[PDB]
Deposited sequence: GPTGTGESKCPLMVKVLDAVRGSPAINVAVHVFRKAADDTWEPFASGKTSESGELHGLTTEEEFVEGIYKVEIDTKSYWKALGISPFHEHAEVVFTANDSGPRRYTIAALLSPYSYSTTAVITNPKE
């Protein structure tokens, strides 16, 4: 008897992000997983990933160059921060 009870009774106005999981039981491999449930990615950069079997195997001249030079701006007043009866403001 696996019984899970979450926030069963709520009187009022709560701000919430419920996450409930119940389980009863050649290069990169994954299995039976829960990923990114509430994941938040901002300005995420992947350049060279899982290129392959035998990549650049013989006589490979390679010049790699990452030039991260940008007037970039990110302004998040509430990230994954539920809020009740409040005042949120990005004043810019």
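Where does the model have holes with respect to the deposited sequence? Sequence ranges with no C-alpha atoms are 1-10, 36-56, 124-127.
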